[PDB]
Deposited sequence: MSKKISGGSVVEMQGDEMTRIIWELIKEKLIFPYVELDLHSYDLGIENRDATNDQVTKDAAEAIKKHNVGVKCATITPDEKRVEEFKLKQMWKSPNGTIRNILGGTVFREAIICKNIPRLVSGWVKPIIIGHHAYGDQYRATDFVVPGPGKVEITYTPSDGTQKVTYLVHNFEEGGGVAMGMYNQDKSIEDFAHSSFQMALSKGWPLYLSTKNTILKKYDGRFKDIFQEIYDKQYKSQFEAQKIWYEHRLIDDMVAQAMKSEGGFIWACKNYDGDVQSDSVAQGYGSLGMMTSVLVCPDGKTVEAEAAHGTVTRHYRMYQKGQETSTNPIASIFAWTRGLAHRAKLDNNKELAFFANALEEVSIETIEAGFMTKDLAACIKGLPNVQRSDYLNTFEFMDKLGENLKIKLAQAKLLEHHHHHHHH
């Protein structure tokens, strides 16, 4: 009798990540959880064959089922169009899914204490959140004034601001905007993420330079905090504070981690989760590529050692949310247990070649210092079997 997992939208991907993704399901997920699985093949050949229809259907399935877990995919370039003889240079599946779903992206680096970090003092993870893409830019052919005007719907408080009077020559100009609703959705997603993980939240802004534009972000976060989150933040002993981007960077340099950083906006050790405005829909993926170099080694029968942590944490993050929506304690436990096993295995000295190279330096790595992809996956599977057995 396995854990009833419920409805999960799964997206298969490309190259080396496609193989590790199958290994994750076969050795870590399917032996313990049964799912009403909505599988979508986002491999480049299948996106080409279906005229990218499979991507739009996967995005539609995440809207309906609320939980998506996605494998890394190829975003075609000129070189990829010739390799697969593609009909078109298809847009990024991540971009297509992101535009259909909307929300805030939270990036979380997975911390293993024996694996070096950018800043050595980082002991707890840092979560970066961000909601520009709709700016109106143009070329200014020569001298003349560029003005930006606001005309209210009634007509009454109309204002015209001089952006610049070009005099010596031309250049470029652009108008940018941010709707209140977008700032409020980002603020709510950030406060909720901070309470879910139990860490303080910091919003970074440049309000000393953009007093009006960034000033509105700061005020909206401060108002939303004082109105509906400070009582829950005080209860869990966490806080919200604004920081100037230059100040925030210096504070992160002297920090030990353990916070959410909201911005106005080893590689296999980071996840990206899209949290939709409805507070119910989530899409989790590994924040890395398809590992082409390792895939070429695999195609030549050579032994590979590819870090699967980010892809495992896409599964655990998705299953953790699926368990929270359904109130499934068994699933919530399984998701947390797989994350613990993944970190415990690496911290105990069992890791892939790339992690061993971070520690020793590539020229110093011996075969005995690491496990190949299959050996690491089997080591995790043995530790997971033990962790789950000692729970029942």
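Missing from the model, relative to the deposited sequence, are the stretches 1-2, 134-137, 272-286, 414-424.
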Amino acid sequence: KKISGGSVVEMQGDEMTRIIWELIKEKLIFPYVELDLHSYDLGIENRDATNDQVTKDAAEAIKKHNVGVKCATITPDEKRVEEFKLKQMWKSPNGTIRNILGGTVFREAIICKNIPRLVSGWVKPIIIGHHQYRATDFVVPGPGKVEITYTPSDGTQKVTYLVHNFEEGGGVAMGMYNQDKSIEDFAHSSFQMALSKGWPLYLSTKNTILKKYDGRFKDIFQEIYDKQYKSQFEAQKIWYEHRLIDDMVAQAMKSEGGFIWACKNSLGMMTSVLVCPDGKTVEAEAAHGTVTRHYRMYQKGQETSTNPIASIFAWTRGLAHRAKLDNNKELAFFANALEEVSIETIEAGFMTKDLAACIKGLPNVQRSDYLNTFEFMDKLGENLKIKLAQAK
From here on, numbers count along this sequence of modelled residues.
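By rigid core we mean the largest C-alpha set that fits within 1.5 Å across both forms.
Where the structures in 5 other deposited structures of this protein are fitted on the rigid core, 349-357 is the one of 34-42 and 349-357 whose C-alphas sit farther from the shown form on average. Across the superposed structures in 5 other deposited structures of this protein, aligned by the core, the stretch whose Cα atoms lie more distant on average is 273-281, chosen from 273-281 and 305-313.
The mean C-alpha temperature factor is higher for 226-234 when 303-311 and 226-234 are set side by side. Higher mean CA B-factor, judged across 239-247 and 168-176 from the recorded values: 239-247. Per the deposited record, 156 carries the highest C-alpha B-factor of all listed residues (114, 316, 290, 156). Annotation for 137, 285, 256, 147: 256 ranks highest, by Cα B-factor. Residue-level temperature factors show residue 12 in the lowest third of its chain, judged at the C-alpha atom. Looking at the C-alpha B-factors along this chain, the one for residue 133 belongs to the highest third. In the deposited entry, the Cα temperature factor of residue 99 places it in the middle third of its chain's modelled residues. Ranked by Cα temperature factor within the chain, residue 382 sits in the highest third according to the deposited record. In the PDB entry, a CA B factor belonging to the highest third of its chain's modelled residues is recorded for residue 217.
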